[PDB]
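Structure first, commentary second.
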Amino acid sequence: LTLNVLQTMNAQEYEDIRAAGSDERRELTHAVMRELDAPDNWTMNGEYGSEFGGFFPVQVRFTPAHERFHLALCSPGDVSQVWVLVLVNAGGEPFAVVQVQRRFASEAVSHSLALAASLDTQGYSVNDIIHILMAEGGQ
Amino acid sequence: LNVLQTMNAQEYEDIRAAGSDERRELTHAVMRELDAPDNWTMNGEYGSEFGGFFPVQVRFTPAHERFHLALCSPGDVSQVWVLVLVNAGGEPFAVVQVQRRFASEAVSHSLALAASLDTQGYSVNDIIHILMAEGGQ
């Protein structure tokens, strides 16, 4: 499971690995995470069962230490044809899709995360962080 | 009911954005149109305890908790209502039904069929394949 393999796989092929089993899915999740860089003092966690809702064959969450909000990277599958990066405030609002990608673009995700982090450190509100990330994300 | 059918994805997100009270009222209005099968519970997301992906998200769960279904509203993530079935452990999983416009009776019917098949001892894999046919997926 190289970066190129992760990029060429369609929505059904993501659902196919989830369908193959828990160990197969876990492998896929780790390969996605291996391509990503979590910002300093943030945690990065993948979903291995349905603890994150189970909606996406791969779901990776990135959370700042204070945990006021998180971002979730959601893979192609039955729900969405494209990779989706969302920002969710605790309590569900504000919320936005800040970026969509047709093909897995790893460096782009990590940069948006790096941007989210520094904006957070710099004391920007969640609303302002969403508005900025959407512009950075072409959204 | 008619307002729910008439609202586009962006109005769903505008209500969640307006505030927690406004979102709660929208969640309850959706839930009021639906019927949970006997011995199942129905719960709506009020914050981000179901992930917060959808302006309205309603979960339907049998008491045995081997699996559940979630109805997910239009918004940023999806232009359409989706009904998904999630097994314990995240697999098997499927979208069993998609709706461009909220069809409350069709959701309740799909849920009653899932409950019916489950009692009759169908595997979750088989319930998925059957509900997808019933749901037009």
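Starting from 1 in every chain, residues are counted up; chains themselves are A, B, ... following the order of the structure tokens, and ligands are numbered from 1 as listed.
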Counting only C-alpha atoms, which residues of chain A sit at most 7 Å from some atom of chain B, and what is each one's closest atom pair with its distance in Å to one decimal, listed by chain and rising residue number, as a Markdown table?
| residue | atom | partner | partner_atom | distance |
| --- | --- | --- | --- | --- |
| A:18 | CA | B:91 | CA | 6.7 |
| A:19 | CA | B:92 | CA | 6.0 |
| A:49 | CA | B:89 | CA | 4.1 |
| A:50 | CA | B:90 | CA | 4.6 |
| A:52 | CA | B:51 | CA | 6.3 |
| A:53 | CA | B:50 | CA | 6.3 |
| A:54 | CA | B:90 | CA | 5.2 |
| A:78 | CA | B:95 | CA | 6.1 |
| A:79 | CA | B:95 | CA | 6.8 |
| A:88 | CA | B:52 | CA | 6.6 |
| A:90 | CA | B:48 | CA | 6.0 |
| A:91 | CA | B:47 | CA | 3.9 |
| A:92 | CA | B:48 | CA | 4.5 |
| A:93 | CA | B:17 | CA | 6.1 |
| A:94 | CA | B:17 | CA | 6.1 |
| A:96 | CA | B:76 | CA | 6.7 |
| A:97 | CA | B:76 | CA | 6.1 |
Those residues with N, CA, C and O atoms, as an mmCIF file, in the first residue's frame please?
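Saved result, again_8.cif, follows:
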data_model
loop_
_atom_site.group_PDB
_atom_site.id
_atom_site.type_symbol
_atom_site.label_atom_id
_atom_site.label_comp_id
_atom_site.auth_asym_id
_atom_site.auth_seq_id
_atom_site.Cartn_x
_atom_site.Cartn_y
_atom_site.Cartn_z
ATOM 1 N N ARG A 18 -12.264 -2.393 3.594
ATOM 2 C CA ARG A 18 -13.046 -2.400 4.825
ATOM 3 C C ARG A 18 -13.843 -3.701 4.940
ATOM 4 O O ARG A 18 -13.912 -4.296 6.015
ATOM 5 N N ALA A 19 -14.430 -4.132 3.823
ATOM 6 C CA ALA A 19 -15.248 -5.343 3.785
ATOM 7 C C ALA A 19 -14.418 -6.603 4.004
ATOM 8 O O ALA A 19 -14.933 -7.590 4.512
ATOM 9 N N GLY A 49 -12.801 0.502 14.388
ATOM 10 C CA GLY A 49 -14.109 -0.124 14.432
ATOM 11 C C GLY A 49 -15.143 0.875 13.956
ATOM 12 O O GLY A 49 -15.145 1.253 12.781
ATOM 13 N N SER A 50 -16.023 1.300 14.863
ATOM 14 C CA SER A 50 -16.991 2.356 14.537
ATOM 15 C C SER A 50 -16.953 3.493 15.545
ATOM 16 O O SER A 50 -17.923 4.250 15.662
ATOM 17 N N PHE A 52 -15.566 6.266 15.479
ATOM 18 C CA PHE A 52 -15.710 7.590 14.857
ATOM 19 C C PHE A 52 -16.965 7.648 13.953
ATOM 20 O O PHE A 52 -17.077 8.528 13.092
ATOM 21 N N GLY A 53 -17.889 6.705 14.156
ATOM 22 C CA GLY A 53 -19.151 6.659 13.405
ATOM 23 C C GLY A 53 -19.150 5.575 12.338
ATOM 24 O O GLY A 53 -20.204 5.154 11.881
ATOM 25 N N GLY A 54 -17.959 5.144 11.922
ATOM 26 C CA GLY A 54 -17.823 4.118 10.899
ATOM 27 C C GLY A 54 -18.225 4.499 9.477
ATOM 28 O O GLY A 54 -18.296 3.639 8.615
ATOM 29 N N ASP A 78 -18.755 4.526 0.053
ATOM 30 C CA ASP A 78 -20.189 4.629 -0.239
ATOM 31 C C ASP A 78 -20.728 6.042 -0.004
ATOM 32 O O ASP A 78 -21.550 6.536 -0.773
ATOM 33 N N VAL A 79 -20.284 6.675 1.077
ATOM 34 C CA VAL A 79 -20.812 7.985 1.461
ATOM 35 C C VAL A 79 -20.327 9.108 0.516
ATOM 36 O O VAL A 79 -21.128 9.933 0.064
ATOM 37 N N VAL A 88 -14.551 20.151 12.958
ATOM 38 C CA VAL A 88 -15.712 20.049 13.817
ATOM 39 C C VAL A 88 -15.379 20.691 15.158
ATOM 40 O O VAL A 88 -14.507 20.196 15.878
ATOM 41 N N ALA A 90 -16.209 21.224 19.039
ATOM 42 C CA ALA A 90 -16.891 20.431 20.075
ATOM 43 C C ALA A 90 -18.305 20.977 20.219
ATOM 44 O O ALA A 90 -18.506 22.183 20.222
ATOM 45 N N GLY A 91 -19.291 20.106 20.296
ATOM 46 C CA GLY A 91 -20.664 20.600 20.340
ATOM 47 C C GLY A 91 -21.299 20.743 18.953
ATOM 48 O O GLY A 91 -22.473 21.073 18.855
ATOM 49 N N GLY A 92 -20.521 20.496 17.899
ATOM 50 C CA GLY A 92 -21.040 20.398 16.519
ATOM 51 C C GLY A 92 -21.113 21.670 15.677
ATOM 52 O O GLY A 92 -21.444 21.609 14.483
ATOM 53 N N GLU A 93 -20.817 22.819 16.289
ATOM 54 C CA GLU A 93 -20.881 24.113 15.616
ATOM 55 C C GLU A 93 -19.815 25.054 16.197
ATOM 56 O O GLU A 93 -19.719 25.192 17.415
ATOM 57 N N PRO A 94 -19.045 25.741 15.332
ATOM 58 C CA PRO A 94 -19.094 25.659 13.869
ATOM 59 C C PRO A 94 -18.526 24.376 13.268
ATOM 60 O O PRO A 94 -17.780 23.634 13.913
ATOM 61 N N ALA A 96 -17.378 22.816 9.132
ATOM 62 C CA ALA A 96 -17.258 22.953 7.680
ATOM 63 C C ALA A 96 -16.415 21.849 7.076
ATOM 64 O O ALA A 96 -15.541 21.281 7.734
ATOM 65 N N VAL A 97 -16.704 21.566 5.814
ATOM 66 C CA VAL A 97 -15.755 20.949 4.902
ATOM 67 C C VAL A 97 -14.775 22.050 4.465
ATOM 68 O O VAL A 97 -15.184 23.062 3.873
#
Exercise for the section: Within 8 Å of residue 63 in chain B, counting only C-alpha atoms, which residues show up once you throw out same-chain ones fewer than 2 positions away? Write them as a ChimeraX atom specification, please. Expected result: /B:39-41,61,65
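With only C-alpha atoms as the atoms that count, the residue of A:128, A:67, A:15, A:136 with the shortest distance to residue 100 in chain A is A:136.
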Practice task
For CA of residue 71 in chain A and CA of residue 86 in chain A, determine how far apart the two atoms are, in Å to one decimal place.
Solution key: 5.5 Å
Handout entry: Close residues, residue 42 in chain A itself excluded, 12 Å, only C-alpha atoms, min 3 positions apart in chain, as number ranges by chain
Key = A: 37-39, 45, 61-71, 110, 113-114, 116-118, 120-121
Just write the chosen residues, N, CA, C and O atoms, as a tab-separated table (two decimals), in the first residue's frame.
chain	number	residue	atom	x	y	z
A	37	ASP	N	1.52	14.00	8.47
A	37	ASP	CA	2.30	14.51	9.58
A	37	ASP	C	1.40	15.29	10.54
A	37	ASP	O	0.84	16.33	10.19
A	38	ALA	N	1.25	14.77	11.76
A	38	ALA	CA	0.48	15.45	12.79
A	38	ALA	C	1.28	16.62	13.34
A	38	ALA	O	2.47	16.48	13.63
A	39	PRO	N	0.64	17.80	13.47
A	39	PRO	CA	1.27	18.99	14.04
A	39	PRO	C	1.74	18.76	15.48
A	39	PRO	O	1.20	17.90	16.18
A	45	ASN	N	-5.31	9.95	15.30
A	45	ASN	CA	-5.92	8.65	15.57
A	45	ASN	C	-6.77	8.21	14.39
A	45	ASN	O	-7.52	9.01	13.83
A	61	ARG	N	-8.53	11.26	12.58
A	61	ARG	CA	-8.79	12.50	13.30
A	61	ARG	C	-7.50	13.15	13.82
A	61	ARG	O	-6.57	12.47	14.23
A	62	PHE	N	-7.48	14.48	13.78
A	62	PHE	CA	-6.34	15.26	14.27
A	62	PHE	C	-6.89	16.24	15.27
A	62	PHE	O	-7.79	17.02	14.95
A	63	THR	N	-6.35	16.20	16.48
A	63	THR	CA	-6.91	16.96	17.60
A	63	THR	C	-5.80	17.72	18.32
A	63	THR	O	-4.78	17.13	18.68
A	64	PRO	N	-5.99	19.03	18.52
A	64	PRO	CA	-5.07	19.82	19.35
A	64	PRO	C	-5.15	19.38	20.80
A	64	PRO	O	-6.15	18.76	21.20
A	65	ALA	N	-4.13	19.70	21.59
A	65	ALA	CA	-4.03	19.25	22.98
A	65	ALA	C	-5.21	19.69	23.85
A	65	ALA	O	-5.66	18.94	24.71
A	66	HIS	N	-5.70	20.90	23.60
A	66	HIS	CA	-6.82	21.46	24.37
A	66	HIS	C	-8.18	20.85	24.00
A	66	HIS	O	-9.14	20.96	24.75
A	67	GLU	N	-8.24	20.23	22.82
A	67	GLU	CA	-9.40	19.45	22.36
A	67	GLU	C	-10.71	20.24	22.20
A	67	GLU	O	-11.79	19.66	22.31
A	68	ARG	N	-10.60	21.54	21.94
A	68	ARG	CA	-11.77	22.37	21.70
A	68	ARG	C	-12.44	22.04	20.35
A	68	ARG	O	-13.64	22.27	20.15
A	69	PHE	N	-11.65	21.49	19.43
A	69	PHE	CA	-12.13	21.08	18.12
A	69	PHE	C	-11.23	19.97	17.59
A	69	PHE	O	-10.21	19.64	18.21
A	70	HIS	N	-11.61	19.39	16.47
A	70	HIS	CA	-10.73	18.46	15.79
A	70	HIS	C	-10.99	18.55	14.29
A	70	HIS	O	-12.00	19.11	13.87
A	71	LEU	N	-10.05	18.03	13.51
A	71	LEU	CA	-10.29	17.81	12.09
A	71	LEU	C	-10.34	16.32	11.78
A	71	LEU	O	-9.67	15.52	12.42
A	110	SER	N	-1.49	17.61	5.40
A	110	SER	CA	-0.55	17.98	6.46
A	110	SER	C	-0.30	19.49	6.57
A	110	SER	O	-0.13	20.01	7.68
A	113	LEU	N	-3.32	21.13	8.11
A	113	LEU	CA	-3.22	20.85	9.55
A	113	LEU	C	-2.21	21.77	10.21
A	113	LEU	O	-2.49	22.36	11.25
A	114	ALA	N	-1.03	21.90	9.59
A	114	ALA	CA	0.00	22.82	10.06
A	114	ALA	C	-0.56	24.24	10.14
A	114	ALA	O	-0.35	24.94	11.14
A	116	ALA	N	-3.86	25.09	10.39
A	116	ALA	CA	-4.82	25.07	11.49
A	116	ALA	C	-4.14	25.25	12.85
A	116	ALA	O	-4.57	26.08	13.66
A	117	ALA	N	-3.07	24.49	13.09
A	117	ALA	CA	-2.29	24.55	14.33
A	117	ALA	C	-1.71	25.93	14.66
A	117	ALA	O	-1.88	26.44	15.78
A	118	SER	N	-1.00	26.53	13.70
A	118	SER	CA	-0.37	27.82	13.91
A	118	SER	C	-1.41	28.92	14.09
A	118	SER	O	-1.22	29.81	14.92
A	120	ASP	N	-4.35	28.38	15.40
A	120	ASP	CA	-4.84	28.09	16.75
A	120	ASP	C	-3.89	28.63	17.82
A	120	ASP	O	-4.34	29.34	18.73
A	121	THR	N	-2.60	28.33	17.70
A	121	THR	CA	-1.56	28.91	18.57
A	121	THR	C	-1.61	30.44	18.55
A	121	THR	O	-1.51	31.08	19.60
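Proximity ranking of A:57, A:123, A:137, A:46 relative to residue 17 in chain A places A:57 first, based on only C-alpha atoms.
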Practice task
Please identify all polymer residues within 12 Å of residue 35 in chain B, counting only C-alpha atoms, omitting same-chain residues fewer than 5 positions from it, and present them as a PyMOL selection string.
Solution key: chain B and resi 30+40-43+58-60+104-112+115
Using only C-alpha atoms, please write the residues we just selected to a file, as a JSON list (two decimals), in the first residue's frame.
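part-v4.json, written as the output of this step:
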[["chain", "number", "residue", "atom", "x", "y", "z"],
["B", 30, "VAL", "CA", -37.11, 15.22, 11.57],
["B", 40, "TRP", "CA", -35.37, -0.13, 19.02],
["B", 41, "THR", "CA", -34.32, 3.30, 20.21],
["B", 42, "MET", "CA", -34.06, 6.52, 18.21],
["B", 43, "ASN", "CA", -31.62, 9.28, 19.14],
["B", 58, "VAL", "CA", -30.54, 10.26, 13.76],
["B", 59, "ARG", "CA", -29.47, 6.82, 15.00],
["B", 60, "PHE", "CA", -31.74, 3.78, 15.23],
["B", 104, "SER", "CA", -40.03, 10.04, 6.17],
["B", 105, "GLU", "CA", -42.28, 7.07, 5.37],
["B", 106, "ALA", "CA", -39.57, 5.43, 3.25],
["B", 107, "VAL", "CA", -37.06, 5.67, 6.13],
["B", 108, "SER", "CA", -39.54, 4.19, 8.63],
["B", 109, "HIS", "CA", -40.38, 1.37, 6.18],
["B", 110, "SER", "CA", -36.71, 0.50, 5.63],
["B", 111, "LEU", "CA", -36.17, 0.48, 9.39],
["B", 112, "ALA", "CA", -39.19, -1.81, 9.93],
["B", 115, "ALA", "CA", -36.06, -5.01, 12.33]]
Exercise for the section: Please report, as a count of residues only, each residue of range 12-130 of chain A to which DSSP assigns strand (DSSP E) when run on this structure's backbone. Expected result: 29
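Among the candidates B:71, B:15, B:9, B:133, the residue lying nearest to residue 31 in chain B is B:71 (atoms considered: only C-alpha atoms).
Across the model, the gap from CA of residue 58 in chain A to CA of residue 125 in chain A is 28.3 Å.
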Fill in the blank from the handout: As a check of understanding: the span from CA of residue 122 in chain B to CA of residue 80 in chain A is 27.9 Å
Practice task
Apply DSSP to the structure's backbone, then extract all residues of chain A labelled alpha helix (DSSP H) and return them as a ChimeraX atom specification.
Solution key: /A:3-8,11-20,22-34,106-121,126-136
Practice task
Please provide as a ChimeraX atom specification all residues within 12 Å of residue 29 in chain A, with the sequence filter that same-chain residues fewer than 4 positions apart are discarded (counting only C-alpha atoms).
Solution key: /A:1,6,14,17-18,22-25,33-36,44-49,56-61,73-75
Expected file contents, prior selection, C-alpha atoms, as a PDB file, in the first residue's frame:
ATOM      1  CA  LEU A   1       0.000   0.000   0.000  1.00  0.00           C
ATOM      2  CA  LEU A   6      -3.684   5.032  -2.157  1.00  0.00           C
ATOM      3  CA  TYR A  14     -11.733   1.565  -0.288  1.00  0.00           C
ATOM      4  CA  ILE A  17     -10.683  -3.367   2.003  1.00  0.00           C
ATOM      5  CA  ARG A  18     -13.046  -2.400   4.825  1.00  0.00           C
ATOM      6  CA  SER A  22     -10.592  -5.552  10.567  1.00  0.00           C
ATOM      7  CA  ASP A  23      -6.858  -6.343  10.054  1.00  0.00           C
ATOM      8  CA  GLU A  24      -7.032  -5.426   6.355  1.00  0.00           C
ATOM      9  CA  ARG A  25      -8.777  -2.160   7.219  1.00  0.00           C
ATOM     10  CA  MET A  33      -1.522   7.890   8.492  1.00  0.00           C
ATOM     11  CA  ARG A  34       2.094   7.029   7.544  1.00  0.00           C
ATOM     12  CA  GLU A  35       1.767   9.567   4.696  1.00  0.00           C
ATOM     13  CA  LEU A  36       0.532  12.305   7.037  1.00  0.00           C
ATOM     14  CA  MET A  44      -3.573  11.627  15.228  1.00  0.00           C
ATOM     15  CA  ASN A  45      -5.919   8.647  15.566  1.00  0.00           C
ATOM     16  CA  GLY A  46      -7.511   6.364  13.000  1.00  0.00           C
ATOM     17  CA  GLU A  47     -10.827   4.524  13.369  1.00  0.00           C
ATOM     18  CA  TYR A  48     -10.473   0.756  13.745  1.00  0.00           C
ATOM     19  CA  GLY A  49     -14.109  -0.124  14.432  1.00  0.00           C
ATOM     20  CA  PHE A  56     -15.736   6.110   5.963  1.00  0.00           C
ATOM     21  CA  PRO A  57     -13.444   3.208   5.038  1.00  0.00           C
ATOM     22  CA  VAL A  58     -10.626   5.330   6.439  1.00  0.00           C
ATOM     23  CA  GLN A  59     -11.158   8.108   8.956  1.00  0.00           C
ATOM     24  CA  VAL A  60      -8.245   9.862  10.620  1.00  0.00           C
ATOM     25  CA  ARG A  61      -8.786  12.502  13.301  1.00  0.00           C
ATOM     26  CA  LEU A  73      -9.921  13.223   7.099  1.00  0.00           C
ATOM     27  CA  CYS A  74     -12.579  11.005   5.510  1.00  0.00           C
ATOM     28  CA  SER A  75     -11.796   8.606   2.633  1.00  0.00           C
TER      29      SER A  75
END
